[PDB]
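Q: Following this message is one structure expressed as structure tokens.
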Amino acid sequence: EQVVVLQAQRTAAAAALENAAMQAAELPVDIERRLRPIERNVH
Amino acid sequence: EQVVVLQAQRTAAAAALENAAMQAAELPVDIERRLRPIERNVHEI
Amino acid sequence: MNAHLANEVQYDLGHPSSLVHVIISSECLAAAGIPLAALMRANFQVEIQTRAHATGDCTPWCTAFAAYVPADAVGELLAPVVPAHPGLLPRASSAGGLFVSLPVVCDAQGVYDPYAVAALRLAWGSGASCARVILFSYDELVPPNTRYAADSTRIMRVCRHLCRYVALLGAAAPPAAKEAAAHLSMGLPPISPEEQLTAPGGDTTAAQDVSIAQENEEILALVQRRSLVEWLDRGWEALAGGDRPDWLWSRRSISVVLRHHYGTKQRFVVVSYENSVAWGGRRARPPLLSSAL
Amino acid sequence: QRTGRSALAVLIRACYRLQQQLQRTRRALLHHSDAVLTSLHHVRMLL
Amino acid sequence: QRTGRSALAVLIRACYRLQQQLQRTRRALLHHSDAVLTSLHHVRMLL
């Protein structure tokens with residue numbers, strides 16, 4: 001019984017990484033459009 | 001025996017998440033480390 | 001498309017809860033354990049029930065509707081095909097799966113319970129041996145935000161492909177489509193459904209792109225100091241010759257959100273329209289879905 | 001009188017609002033980044 | 001002569017360095033954030 005649980009939990013969070021990988025792919029995006037309209041503002 | 005193999009992978013995957021957790025838990029330190037002197041510089045003007 | 005139309009009629013007439021329109025991929029069905037050729041042999045009855053969290057009690061089986069397309073699944077939303085003029089909307093290829101709307105059990109001040117399961121059952125024959133059960137947690141069904149902002153570049157392409165096709169058709173055009181091709185040209189690459197699935201931008205990330213814009217245009221000003229949607233409708237009613245309520249929603253805003261399945265690691269697509277009573281639609285009924293738990 | 005007092009008001013409206021623009025980037029980049037740490041701790045809960 | 005030419009040098013040293021402070025926050029927040037995407041791709045390699 002435990003293998004059927006332990007396998008299904010490992011395949012579960014494998015999907016939750018790719019939901020988070022597309023979620024955490026905006027951190028190099030979210031920094032860029034907040035600084036650049038302030039740099040040209042100073043420049 | 002399949003339990004022992006997969007529990008070896010459950011505890012191995014938990015280490016890489018905590019590598020990932022402590023890597024990204026340092027990010028809220030940095031926003032309150034990098035922007036706070038820059039706020040002080042604009043206040044000088 | 002028809003499988004999402006024929007489900008909201010069941011939800012409009014009350015059969016409080018919510019509804020999430022889901023596109024399963026072909027490879028999510030393959031790893032779930034069903035044969036893909038059995039579904040190919042256009043609506044299709046599928047029984048769906050919802051199960052609770054650590055209680056055991058569940059909703060009884062209700063019959064809902066489905067349609068499997070061996071085609072591009074997502075491209076059938078974005079670029080439909082006239083049977084008369086096949087080269088109207090050029091698109092890229094993709095995988096093809098069924099369309100099933102899924103019910104979501106709410107509360108008053110609607111907050112869905114995660115770790116409870118909404119369940120499918122695909123039956124392609126007689127007997128229990130020809131049936132499988134695919135499970136969906138409420139963690140699985142509902143993403144945080146829609147991506148209607150990724151749709152803004154698509155309708156502006158369909159405006160071009162009508163202007164390209166009628167000019168390609170020449171003097172053999174219907175005279176209604178001759179007019180609408182000129183007016184859309186004054187109002188101004190195939191439709192790739194994989195680009196909207198991988199575009200890094202939601203709605204709330206796009207709503208923040210207005211407040212970062214308007215407040216920065218002000219200070220940089222201080223340093224110095226018959227709509228086009230209507231004309232699209234007369235193109236399809238001239239080139240094809242009918243309304244086709246499949247094709248009504250393809251001309252409007254469609255948010256195409258990519259998700260992943262917890263059981264078999266494969267992808268599936270959560271779809272919300274503009275004229276849709278179900279979740280994500282701009283004509284929705286309160287209370288809405290909230291991830292408070 | 002009105003030449004020098006109003007030309008500095010150009011640089012008044014610029015400086016007190018750049019103090020405000022960086023305050024939202026302190027808040028909106030912490031109320032967004034904590035959702036990433038919310039997501040990653042949720043994945044360990046699945047395991 | 002020295003009154004107006006040196007009072008503007010206060011605002012000279014302020015503006016050319018605020019151009020520089022935001023350049024490090026472009027670099028130091030990309031050489032830090034790519035380690036997050038480095039970590040997340042490593043976790044999939046374990047699976």
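Ligands are numbered from 1 in the order shown, chains are lettered A, B, ... in the order of the structure tokens, and residues start at 1 in each chain.
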Enumerate as a ChimeraX atom specification the residues belonging to chain D that approach chain C to within 10 Å, with only C-alpha atoms taken into account.
A: /D:7,9-11,13-15,17-18,21,24-25,28
Q: With 9 Å as the limit and counting only C-alpha atoms, what residues in chain B lie close to chain D? Please list them as a VMD selection string.
A: chain B and resid 10 13 to 14 17 to 18 20 to 21 24 to 25 27 to 28 31 to 32 35 to 36 38 to 40 42 to 43 45
Q: For the residues selected in the previous step, produce a file with N, CA and C atoms as a short mmCIF file (atom, residue, chain, number, x, y, z; two decimals), in the first residue's frame.
A:
data_model
loop_
_atom_site.label_atom_id
_atom_site.label_comp_id
_atom_site.auth_asym_id
_atom_site.auth_seq_id
_atom_site.Cartn_x
_atom_site.Cartn_y
_atom_site.Cartn_z
N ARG B 10 13.10 10.51 -1.46
CA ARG B 10 12.29 11.54 -0.81
C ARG B 10 13.16 12.44 0.06
N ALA B 13 15.48 14.54 -2.33
CA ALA B 13 14.80 15.67 -2.96
C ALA B 13 14.51 16.78 -1.96
N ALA B 14 14.35 16.45 -0.68
CA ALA B 14 14.11 17.47 0.33
C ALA B 14 15.34 18.32 0.60
N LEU B 17 15.43 21.03 -2.28
CA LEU B 17 14.43 22.06 -2.04
C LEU B 17 14.89 23.04 -0.97
N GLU B 18 15.56 22.54 0.08
CA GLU B 18 16.08 23.42 1.11
C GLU B 18 17.33 24.15 0.66
N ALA B 20 17.22 25.18 -2.45
CA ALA B 20 16.45 26.18 -3.17
C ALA B 20 15.71 27.13 -2.25
N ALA B 21 15.28 26.67 -1.07
CA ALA B 21 14.55 27.54 -0.15
C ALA B 21 15.47 28.59 0.44
N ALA B 24 16.50 31.30 -2.07
CA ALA B 24 15.49 32.30 -2.38
C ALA B 24 14.92 32.98 -1.15
N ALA B 25 15.26 32.51 0.06
CA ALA B 25 14.91 33.25 1.26
C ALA B 25 15.87 34.38 1.55
N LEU B 27 16.68 36.55 -0.91
CA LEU B 27 16.14 37.62 -1.75
C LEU B 27 15.37 38.72 -0.99
N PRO B 28 14.48 38.43 -0.02
CA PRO B 28 13.87 39.56 0.72
C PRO B 28 14.84 40.29 1.64
N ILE B 31 16.36 43.08 -1.05
CA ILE B 31 15.52 44.22 -1.41
C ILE B 31 15.55 45.26 -0.30
N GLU B 32 15.54 44.81 0.95
CA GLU B 32 15.74 45.68 2.09
C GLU B 32 17.21 45.87 2.45
N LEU B 35 17.83 48.69 -1.71
CA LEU B 35 16.99 49.84 -1.99
C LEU B 35 16.96 50.88 -0.88
N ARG B 36 17.20 50.47 0.37
CA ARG B 36 17.17 51.39 1.50
C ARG B 36 18.27 52.45 1.50
N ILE B 38 19.46 53.63 -1.34
CA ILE B 38 19.08 54.42 -2.50
C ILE B 38 17.92 55.35 -2.15
N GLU B 39 17.04 54.92 -1.26
CA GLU B 39 16.01 55.81 -0.73
C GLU B 39 16.62 56.94 0.09
N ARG B 40 17.73 56.66 0.78
CA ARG B 40 18.39 57.70 1.58
C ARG B 40 19.08 58.72 0.69
N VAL B 42 18.06 59.74 -2.37
CA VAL B 42 17.08 60.65 -2.96
C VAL B 42 16.56 61.63 -1.91
N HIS B 43 16.52 61.22 -0.65
CA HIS B 43 16.18 62.12 0.45
C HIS B 43 17.23 63.21 0.66
N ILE B 45 18.50 64.88 -1.71
CA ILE B 45 18.10 65.91 -2.64
C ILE B 45 16.77 66.53 -2.21
#
Q: Would you please work out which residue, of C:262, C:268, C:99, C:247, is nearest to chain A when using only C-alpha atoms?
A: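 The shortest atom-to-atom distance to chain A comes from C:262.
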Q: My list of candidates is C:149, C:6, C:142, C:34. Which is closest to residue 22 of chain C when distances are computed with only C-alpha atoms?
A: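 Closest residue, counting only C-alpha atoms: C:142.
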Q: For residue 2 of chain A, find every residue with an atom within 12 Å (counting only C-alpha atoms), except residues of its own chain fewer than 6 positions away, and show them as a list in words.
A: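 Once the adjacent positions are removed, what remains is residues 8 and 9 of chain A; 1, 2, 3, 4, 6 and 7 of chain B.
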Q: Residues of the last selection are to be written out with N, CA, C and O atoms, as a PDB file, in the first residue's frame.
A:
ATOM      1  N   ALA A   8       2.942   8.070  -5.946  1.00  0.00           N
ATOM      2  CA  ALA A   8       2.021   9.110  -6.382  1.00  0.00           C
ATOM      3  C   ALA A   8       2.336  10.467  -5.774  1.00  0.00           C
ATOM      4  O   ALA A   8       1.999  11.492  -6.374  1.00  0.00           O
ATOM      5  N   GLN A   9       2.979  10.499  -4.609  1.00  0.00           N
ATOM      6  CA  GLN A   9       3.403  11.774  -4.055  1.00  0.00           C
ATOM      7  C   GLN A   9       4.606  12.336  -4.793  1.00  0.00           C
ATOM      8  O   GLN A   9       4.710  13.554  -4.961  1.00  0.00           O
TER       9      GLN A   9
ATOM     10  N   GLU B   1      11.242  -3.569  -0.420  1.00  0.00           N
ATOM     11  CA  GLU B   1      12.493  -2.999  -0.911  1.00  0.00           C
ATOM     12  C   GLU B   1      12.264  -1.764  -1.766  1.00  0.00           C
ATOM     13  O   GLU B   1      13.135  -0.889  -1.822  1.00  0.00           O
ATOM     14  N   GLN B   2      11.118  -1.678  -2.446  1.00  0.00           N
ATOM     15  CA  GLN B   2      10.771  -0.467  -3.178  1.00  0.00           C
ATOM     16  C   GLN B   2      10.545   0.724  -2.257  1.00  0.00           C
ATOM     17  O   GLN B   2      10.716   1.866  -2.695  1.00  0.00           O
ATOM     18  N   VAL B   3      10.161   0.480  -0.999  1.00  0.00           N
ATOM     19  CA  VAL B   3       9.980   1.560  -0.034  1.00  0.00           C
ATOM     20  C   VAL B   3      11.318   2.197   0.316  1.00  0.00           C
ATOM     21  O   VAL B   3      11.438   3.426   0.379  1.00  0.00           O
ATOM     22  N   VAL B   4      12.342   1.371   0.535  1.00  0.00           N
ATOM     23  CA  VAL B   4      13.658   1.859   0.935  1.00  0.00           C
ATOM     24  C   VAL B   4      14.300   2.675  -0.180  1.00  0.00           C
ATOM     25  O   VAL B   4      14.956   3.693   0.085  1.00  0.00           O
ATOM     26  N   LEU B   6      12.655   4.416  -2.627  1.00  0.00           N
ATOM     27  CA  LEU B   6      11.938   5.665  -2.838  1.00  0.00           C
ATOM     28  C   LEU B   6      12.037   6.603  -1.644  1.00  0.00           C
ATOM     29  O   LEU B   6      12.003   7.825  -1.825  1.00  0.00           O
ATOM     30  N   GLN B   7      12.162   6.066  -0.427  1.00  0.00           N
ATOM     31  CA  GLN B   7      12.425   6.930   0.719  1.00  0.00           C
ATOM     32  C   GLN B   7      13.833   7.499   0.693  1.00  0.00           C
ATOM     33  O   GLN B   7      14.073   8.547   1.303  1.00  0.00           O
TER      34      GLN B   7
END
Q: Set the cut-off to 9 Å and count only C-alpha atoms: what are the residues of chain A that reach chain B? Output as a short mmCIF file (atom, residue, chain, number, x, y, z; two decimals) with C-alpha atoms, in the first residue's frame.
A:
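Result file part.cif:
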data_model
loop_
_atom_site.label_atom_id
_atom_site.label_comp_id
_atom_site.auth_asym_id
_atom_site.auth_seq_id
_atom_site.Cartn_x
_atom_site.Cartn_y
_atom_site.Cartn_z
CA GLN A 2 2.80 2.42 0.86
CA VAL A 3 4.53 2.22 -2.54
CA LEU A 6 4.93 7.10 -2.04
CA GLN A 7 5.09 6.91 -5.85
CA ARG A 10 6.70 11.93 -5.95
#
Q: Tell me, counting only C-alpha atoms, for each residue of chain A within 7 Å of chain E, which pair of atoms is nearest and how far apart they are in Å to one decimal, in rows ordered by chain and increasing number, as a tab-separated table.
A:
residue	atom	partner	partner_atom	distance
A:21	CA	E:40	CA	6.8
A:27	CA	E:33	CA	6.7
A:28	CA	E:30	CA	6.3
A:35	CA	E:22	CA	6.9
A:39	CA	E:19	CA	6.3
A:42	CA	E:19	CA	6.5
A:43	CA	E:19	CA	6.5
Q: Please produce, as a Markdown table, a per-residue contact table for chain C versus chain A (criterion: any atom at most 6 Å away, only C-alpha atoms considered), showing the nearest atom pair and its distance in Å to one decimal, sorted by chain then residue number.
A:
| residue | atom | partner | partner_atom | distance |
| --- | --- | --- | --- | --- |
| C:260 | CA | A:15 | CA | 5.6 |
| C:262 | CA | A:12 | CA | 4.2 |
| C:263 | CA | A:12 | CA | 5.9 |
| C:265 | CA | A:15 | CA | 5.3 |
Q: Could you write out the selected residues, including N, CA and C atoms, as a JSON list (two decimals), in the first residue's frame?
A:
[["chain", "number", "residue", "atom", "x", "y", "z"],
["C", 260, "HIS", "N", -0.30, 21.69, -15.23],
["C", 260, "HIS", "CA", 0.34, 20.39, -15.21],
["C", 260, "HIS", "C", -0.45, 19.45, -14.31],
["C", 262, "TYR", "N", -0.99, 16.34, -11.72],
["C", 262, "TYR", "CA", -0.22, 15.77, -10.61],
["C", 262, "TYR", "C", -0.04, 14.26, -10.75],
["C", 263, "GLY", "N", -0.99, 13.58, -11.38],
["C", 263, "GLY", "CA", -0.91, 12.14, -11.47],
["C", 263, "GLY", "C", 0.13, 11.63, -12.45],
["C", 265, "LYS", "N", 2.24, 13.78, -14.66],
["C", 265, "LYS", "CA", 3.24, 14.79, -15.02],
["C", 265, "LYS", "C", 3.01, 15.51, -16.34]]
Q: Between atom CA of residue 164 of chain C and atom CA of residue 250 of chain C, measure the distance and give it in Å to one decimal.
A: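 So the answer is 19.0 Å.
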Q: To one decimal place in Å, what is the distance between atom CA of residue 159 of chain C and atom CA of residue 75 of chain C?
A: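 Between atom CA of residue 159 of chain C and atom CA of residue 75 of chain C the gap is 16.8 Å.
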Q: If you run DSSP on the backbone here, which positions in segment 127-264 of chain C get strand (DSSP E)? Please write them as a list in words.
A: residues 131, 132, 135, 136, 137, 255, 256, 257, 258, 259 and 260 of chain C
Q: List the neighbours of segment 185-197 of chain C out to 10 Å using only C-alpha atoms; skip same-chain residues closer than 3 positions along the sequence, and give me the result as JSON, numbers by chain.
A: {"C": [72, 73, 74, 75, 76, 77, 78, 79, 89, 90, 91, 92, 93, 94, 147, 148, 149, 150, 151, 153, 154, 155, 156, 157, 158, 159, 160, 161, 162, 163, 164, 180, 181, 182, 200, 201, 227, 228, 255, 256, 257, 258, 259, 269]}
Q: Quick one: pick out all alpha helix (DSSP H) residues within segment 34-180 of chain C from a backbone DSSP run and write them as a ChimeraX atom specification.
A: /C:36-40,73-78,138-141,152-169,175-180
Q: Could those residues be written to a file, using C-alpha atoms, as a PDB file, in the first residue's frame?
A:
ATOM      1  CA  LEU C  36      -6.382   7.130 -27.924  1.00  0.00           C
ATOM      2  CA  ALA C  37      -7.826   5.410 -30.997  1.00  0.00           C
ATOM      3  CA  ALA C  38     -10.918   4.290 -29.077  1.00  0.00           C
ATOM      4  CA  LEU C  39     -12.006   7.910 -28.644  1.00  0.00           C
ATOM      5  CA  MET C  40     -11.528   8.682 -32.348  1.00  0.00           C
ATOM      6  CA  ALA C  73      -6.199  21.218 -29.390  1.00  0.00           C
ATOM      7  CA  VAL C  74      -5.319  24.795 -28.479  1.00  0.00           C
ATOM      8  CA  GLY C  75      -5.192  25.919 -32.101  1.00  0.00           C
ATOM      9  CA  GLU C  76      -8.807  24.825 -32.555  1.00  0.00           C
ATOM     10  CA  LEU C  77      -9.667  27.563 -30.058  1.00  0.00           C
ATOM     11  CA  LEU C  78      -7.475  30.271 -31.521  1.00  0.00           C
ATOM     12  CA  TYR C 138      -8.615  21.811  -6.562  1.00  0.00           C
ATOM     13  CA  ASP C 139      -4.947  22.656  -6.343  1.00  0.00           C
ATOM     14  CA  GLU C 140      -4.801  21.330  -9.912  1.00  0.00           C
ATOM     15  CA  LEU C 141      -7.755  23.065 -11.557  1.00  0.00           C
ATOM     16  CA  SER C 152      -4.256  41.034 -27.634  1.00  0.00           C
ATOM     17  CA  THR C 153      -1.768  40.118 -30.369  1.00  0.00           C
ATOM     18  CA  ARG C 154      -4.014  37.386 -31.817  1.00  0.00           C
ATOM     19  CA  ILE C 155      -7.156  39.255 -32.931  1.00  0.00           C
ATOM     20  CA  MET C 156      -4.839  41.799 -34.573  1.00  0.00           C
ATOM     21  CA  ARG C 157      -3.475  38.885 -36.628  1.00  0.00           C
ATOM     22  CA  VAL C 158      -6.917  37.564 -37.634  1.00  0.00           C
ATOM     23  CA  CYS C 159      -7.635  41.118 -38.815  1.00  0.00           C
ATOM     24  CA  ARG C 160      -4.631  40.764 -41.124  1.00  0.00           C
ATOM     25  CA  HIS C 161      -5.374  37.265 -42.433  1.00  0.00           C
ATOM     26  CA  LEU C 162      -8.826  38.348 -43.592  1.00  0.00           C
ATOM     27  CA  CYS C 163      -7.241  41.264 -45.450  1.00  0.00           C
ATOM     28  CA  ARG C 164      -4.680  38.904 -46.954  1.00  0.00           C
ATOM     29  CA  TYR C 165      -7.161  36.222 -47.982  1.00  0.00           C
ATOM     30  CA  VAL C 166      -9.762  38.422 -49.685  1.00  0.00           C
ATOM     31  CA  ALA C 167      -7.013  40.159 -51.655  1.00  0.00           C
ATOM     32  CA  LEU C 168      -5.759  36.675 -52.527  1.00  0.00           C
ATOM     33  CA  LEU C 169      -9.262  35.613 -53.562  1.00  0.00           C
ATOM     34  CA  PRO C 175     -19.214  41.627 -51.971  1.00  0.00           C
ATOM     35  CA  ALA C 176     -19.733  41.797 -48.204  1.00  0.00           C
ATOM     36  CA  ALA C 177     -16.237  40.429 -47.573  1.00  0.00           C
ATOM     37  CA  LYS C 178     -14.920  42.815 -50.225  1.00  0.00           C
ATOM     38  CA  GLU C 179     -16.028  45.748 -48.070  1.00  0.00           C
ATOM     39  CA  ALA C 180     -14.867  44.422 -44.682  1.00  0.00           C
TER      40      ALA C 180
END
